[PDB]
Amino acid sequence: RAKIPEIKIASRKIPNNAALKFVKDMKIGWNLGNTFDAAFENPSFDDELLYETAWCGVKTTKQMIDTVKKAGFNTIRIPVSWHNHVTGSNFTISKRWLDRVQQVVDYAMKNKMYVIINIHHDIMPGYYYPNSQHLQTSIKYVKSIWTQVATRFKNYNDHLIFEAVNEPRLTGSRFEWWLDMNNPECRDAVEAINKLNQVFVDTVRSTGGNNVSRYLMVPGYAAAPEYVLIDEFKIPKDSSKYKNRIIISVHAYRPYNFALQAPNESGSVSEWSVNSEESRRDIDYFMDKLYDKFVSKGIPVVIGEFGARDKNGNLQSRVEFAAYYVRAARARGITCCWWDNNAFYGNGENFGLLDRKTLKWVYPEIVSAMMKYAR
């Protein structure tokens, strides 16, 4: 038991173009997290398809996706980590692995849903790594994965979306999550991502079919709002006839201390209230900035990941949060996607909404709270 607040946020001026209507139509998204995104080295098993269930514990079925669709989500993001499923010098994706993803994509297409696929946890020297020392290999990798991926889904309609990569950053470095634009290693990465996103777009468009007119999502550094807001960030060019088809990809588990920060750290909070200037602040802050630079100039933005972890049964707070977040975004013309990883209890990051093994919504209160301000 938890009550859904009434959110009074002034609806803002949203330009009337194909892109923003497209994004509006996505309504709201649902991430199939801890699933195909799972990545780790030296598996001790022989079936690579077990990567699908290593972090969620259950194989995906069409009835799940059905359940997600009836609940009101019109988008499903299917994050993919590919690096554990390639061989050879030009990164050949396993047929079994690519087949299995397609099966799950067809689950959603059959549900007339919007679908997002990407490169996820492949951020790593030798695969995707945004700096000059590894650009040489990264371009080949972005090129190879996407030629393969875009070619198989060549004939799928515009309801299918390609997201270049999830949270590209300098892993292992002291700037992994934060940038010093005064530090040259940082400036190099931002430039490197601009390059890799452009390779991404060129590659997809070159494979023909409906990939020439498909909506593509691209992130800034670390998928942070900040690093698409900086001047250095470049929206990739398309010499094609299909205009305004690049969407800004951002992630924001904000306010951090409530949404994402672990409960055993001292600056965590379990409370969130719409009546608190403090709880609303960071949401207003970053969303205003994305709207000023992008949406308001006709350029589409999508929040691909967001959510709030369960902290010992703080349902009411998560409800007011979800409702406020989705409204604040919709009022600014932005569609969001919850990160649902089928995790509900324990000291892990419990972002679960749908018990996948029973098909019952553990927190329908949170879902309804989102559906209320999502159209």
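Residue positions are given as counts along the sequence shown, with the first one as 1.
Look at the mean CA B-factor for 145-153 and for 169-177 in the entry; the higher one is 169-177. Annotation for 231-239 versus 216-224: the higher mean temperature factor (C-alpha) is found in 231-239.
Looking at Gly72, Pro79, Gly209, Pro263, the one whose CA carries the top B-factor in the deposited record is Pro263. If you compare the C-alpha temperature factors of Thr35, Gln316, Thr335, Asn342 in the entry, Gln316 comes out highest. In the deposited entry, the Cα temperature factor of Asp282 places it in the highest third of its chain's modelled residues.
Ranked within its chain, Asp46 lands in the middle third, by CA B factor from the PDB record.
Placement of the Cα temperature factor of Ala331 within the chain: highest third of the modelled residues, per the deposited record.
The deposited CA B-factor of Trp55 belongs to the lowest third of values across its chain. In the PDB entry, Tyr253 places in the lowest third of its chain by CA B-factor.
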